[PDB]
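*Asks:* Sequence plus experimental coordinates follow:
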Number of protein chains: 2
Amino acid sequence: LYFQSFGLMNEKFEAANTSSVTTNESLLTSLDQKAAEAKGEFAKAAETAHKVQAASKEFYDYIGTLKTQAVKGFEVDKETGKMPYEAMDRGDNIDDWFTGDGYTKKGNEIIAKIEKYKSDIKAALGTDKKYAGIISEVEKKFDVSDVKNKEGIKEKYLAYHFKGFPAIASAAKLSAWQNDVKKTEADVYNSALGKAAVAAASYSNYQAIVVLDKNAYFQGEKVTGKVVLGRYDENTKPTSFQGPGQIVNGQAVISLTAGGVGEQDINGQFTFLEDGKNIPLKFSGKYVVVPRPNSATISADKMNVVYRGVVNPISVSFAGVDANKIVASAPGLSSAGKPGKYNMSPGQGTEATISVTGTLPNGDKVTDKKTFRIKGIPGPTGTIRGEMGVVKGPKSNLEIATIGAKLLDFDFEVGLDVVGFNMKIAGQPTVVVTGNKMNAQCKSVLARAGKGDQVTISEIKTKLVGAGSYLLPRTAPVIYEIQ
Amino acid sequence: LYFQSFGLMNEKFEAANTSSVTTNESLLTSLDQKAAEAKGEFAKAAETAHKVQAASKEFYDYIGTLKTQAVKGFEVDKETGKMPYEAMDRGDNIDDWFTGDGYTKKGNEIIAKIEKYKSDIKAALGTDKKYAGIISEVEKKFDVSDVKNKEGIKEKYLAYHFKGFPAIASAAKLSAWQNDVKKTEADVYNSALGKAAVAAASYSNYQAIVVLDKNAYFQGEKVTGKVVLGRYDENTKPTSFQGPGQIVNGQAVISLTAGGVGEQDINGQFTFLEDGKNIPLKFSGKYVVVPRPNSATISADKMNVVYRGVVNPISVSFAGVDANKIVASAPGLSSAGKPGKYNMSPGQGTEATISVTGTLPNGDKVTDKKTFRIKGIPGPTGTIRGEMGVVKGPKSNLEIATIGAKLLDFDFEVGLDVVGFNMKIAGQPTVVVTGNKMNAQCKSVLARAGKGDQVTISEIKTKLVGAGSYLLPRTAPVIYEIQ
């Protein structure tokens, strides 16, 4: 009596099919957008989803053709659109599917179509575990093997399910097959998106990398940095990369010729188009350009000497330390008026040690020292009229002469003054003289001298003026020969 | 006449429900395993999936209770398990759902149960776009508002759908509701896994980082490295991290006190448990420990001197260059037998330039030079019996005396020999002597000398032996005074 119950079942199933076309389209679009934007596995998943789209459509559409044939000759209402369910109690419309016990060319054609759907779905989806349940359900729901009846004899699937059935019951069964196709379809679209995203999120797609803040350290300094999981995937395809390199497996191998001097930046970015928004991941890498070593230390080992009573210029440098962060100290040491330039006037003793402390850019203190031998000024050489050794000329020139002293090859500009000496001519005692000139006593003692006679000037007392004033212990004697 | 068609519909739907319990369990397990292993978004998705599990179960089970009531009093076959479909043409069993036009306490109870299912699903799933279609379908399929009949009057949903219907038709409708619950369930399990994995794969979860091979360069050197997308996500939870730091947002901030000397490694790993396998991502970070600057250059500016005819020891060093990679050259320069130690014996000229080339660890060549002034050996001081100036004693001591030369405060061990001199006593001409001893001519010339008399020894010819032999131009004179 109740054909309305079959009418309602068909109404329910068709409403699910109409709702399904929009929801399945929306799921496919999500997968397409994800594939176009992120590529990799999402492009592999979209390829699968579209193969299943075409196999589901072919079958769904073909089912619609069989439904049309089942409801043939029944006028759908003009406004409501619903068929007269009470009038649909015979399956006369689908008689041409079967001949006697078997099928016609049409019946064998339906079976081959159901078969093609299962085969296509099986081929589109792989052998992958993620899809094994989807396939098993398709093969179960669409198992077209002969059905045993109450007697236990086998009946051909289409005859068993549709032969002599009410037209409305047959339309409801076919609408239920359409529900199964739409369900499987959505299952694949949601399973494909998930399989692809799980693969993209796999920790097999990274390399552990140490990024230290600097690569060179001194002992005791805090080494600082991070260890990150850096993407290492072929399927990682940035929309763009700006920087001194090209993308290979989601990374950029970078190179550049080191800039002039100081701290330098390696700036750029990756951009990713994701869910309609552009994702910029900017970077500012850092390196430093240091000057190459350029200062050798070349010293004469016997020359580490400072003279007492003179201003000894000293140069100080400490490679690896800025000239402004170098401090030299010692007794007798002062600044000379240029960076790293000092003056040493040694105190008492045999050695003078100059100590140097440098402050490194990290604030570290570094120390070195050098010992210089303190030497007394060399003995000057006595002179008569500025000549050394044996001075010749008239007796007259000796009487008005100045007794002096010279320091030969001495690299220091000093003042030398004779404060006394001893004069001697044969036959008369030595005259001790105060001053650098011949006494009235000298001139009288010389009255007896003439051509050939030598006058010795010895025990010359030389006063030096440099950094202080000193009475030098020894000056070489000088001789005058009258001619 | 056909109750078998309703029997088959119910058989189909129940077979889908039995198949669904195992497939939905398998989907939930995948999500649970992923949540336990990778956590983050997969734990958020599993929380959603379990809320929907309990709401679907409550409803599915309650539907089973209504089905039992619909098929009450019908003996299922002992072996086959199938109900007698022909015998089930009345809905007498579910009469207690309705009273007159309305419902009983039981009928209102079914409506409240359907309502609770939709509300629970709506509450379990959020307002998130990924789940908007799932919710819309639940609200559509389970819309329990009054249904307009053929006359256009509204009929209560349960009365319209189940009042006076064949028991087998009512069981099939309820089994179809069960199919909808299982479908929605699977939809949520597959949508939750996908939403979570898409979020985990989002490029918003990275920082672009420059990892250079070194941080310090000289101008012109190839700066080398990579730029990687390093994971920066709170939801990135490694199973373990070994290294000198702790994990914060999928990264490890690392620190250590720099080791002794040379190339050092920062070794460790991240491990991730994924799909039953442990994923080890090992790292070996590199740093170098360099010695702090320790060598100052302290020089006496007036002392950059080398003497002609002597072996002048020179020291050479070049900070930033290994002692074995330093090469010094100059005319007169040779090795002294220790690293960086040389000997200079200058040629002709006023200056000697020592050039130094260093080879840096990268093979680079660095050059510096220093000019030294070449000075002739200072004039020696003449001696009689090894005494300088004015030598006193008997005439006897003068006759057998050796005339010599001394270099005072000369820091070089040389050989000095007198090869000639001039002897002079008053009243007699100068005696020119070959040798360093008093001639027979000298001894005869001295026969006339006595107490008080001075003898001058001048024009001393000194031969020097150092690095070669030289006749020194000037030697200071010496005087003898007989007493």
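*Replies:* Received it, and whenever you're ready, just let me know what you need. Residues are numbered from 1 along each chain as shown, chains lettered A, B, ... in the order given.
*Asks:* Tell me, domain by domain, which residues of chain A belong where.
*Replies:* Following automatic domain parsing, one finds the domains of chain A at A:4-201, A:205-289, A:301-375, A:381-482.
*Asks:* mind giving me JSON lines with those and columns for distance to residue B:201?
*Replies:* All C-beta atoms are positioned from the backbone trio N, CA, C, and that covers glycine. Below are the domains of chain A laid out as JSON lines (distance: least, CB to CB, whole Å):
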{"stretch": "domain A:4-201", "distance to residue B:201": "4"}
{"stretch": "domain A:205-289", "distance to residue B:201": "9"}
{"stretch": "domain A:301-375", "distance to residue B:201": "42"}
{"stretch": "domain A:381-482", "distance to residue B:201": "79"}
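*Asks:* Columns mean neighbour count and distance to chain B on top of these, output as JSON lines?
*Replies:* Shown next, in JSON lines, are the domains of chain A (neighbours: other CB atoms under 10 Å in any protein chain shown; distance: least, CB to the nearest CB, whole Å):
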{"stretch": "domain A:4-201", "mean neighbour count": "18", "distance to chain B": "3"}
{"stretch": "domain A:205-289", "mean neighbour count": "17", "distance to chain B": "3"}
{"stretch": "domain A:301-375", "mean neighbour count": "17", "distance to chain B": "3"}
{"stretch": "domain A:381-482", "mean neighbour count": "17", "distance to chain B": "4"}
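*Asks:* quick one: which of the ones you listed is nearest residue B:383?
*Replies:* In terms of CB to CB, the element of the domains of chain A nearest to residue B:383 is domain A:381-482, at 11.4 Å.
*Asks:* Can you get me the start-to-end distance on that closest one?
*Replies:* 21 Å (CA to CA, to the nearest Å).
*Asks:* what about it, distance to the chain center?
*Replies:* 79 Å (CA atoms, centre = their mean, to the nearest Å).
*Asks:* And for stretch A:189-198?
*Replies:* 35 Å.
*Asks:* residues making contact with that stretch?
*Replies:* Outside stretch A:189-198, the residues that touch it by CB atoms under 8 Å, 6 or more residues apart in numbering or on different chains are A:24, A:27-28, A:30-31, A:34, A:40-42, A:44-46, A:48-49, A:52, A:128, A:130-131, A:134, B:34, B:187, B:190-191, B:193-194, B:197-198, B:200-201.
*Asks:* Of those, which belong to helices?
*Replies:* A:24, A:27-28, A:30-31, A:34, A:41-42, A:44-46, A:48-49, A:52, A:134, B:34, B:187, B:190-191, B:193-194, B:197-198, B:200 (DSSP state H).
*Asks:* hmm, back to that, quick one: which of the domains of chain A is nearest residue B:268?
*Replies:* domain A:205-289 (7.0 Å).
*Asks:* quick one: the helices in chain A?
*Replies:* For chain A, helices defined by DSSP H occupy the ranges A:4-38, A:41-70, A:105-124, A:132-141, A:157-162, A:167-200, A:395-399, A:440-445.
*Asks:* is it true that residue A:73 touches residue A:88?
*Replies:* No: between residue A:73 and residue A:88 there is no contact under CB atoms under 8 Å: 9.5 Å.
*Asks:* Nearest residue to residue A:397 in space, please, no chain neighbours.
*Replies:* Take residue A:397 and drop its neighbours on the chain: the residue closest to it by CB to CB, 6 or more residues apart in numbering or on different chains is residue A:385, 6.7 Å away.
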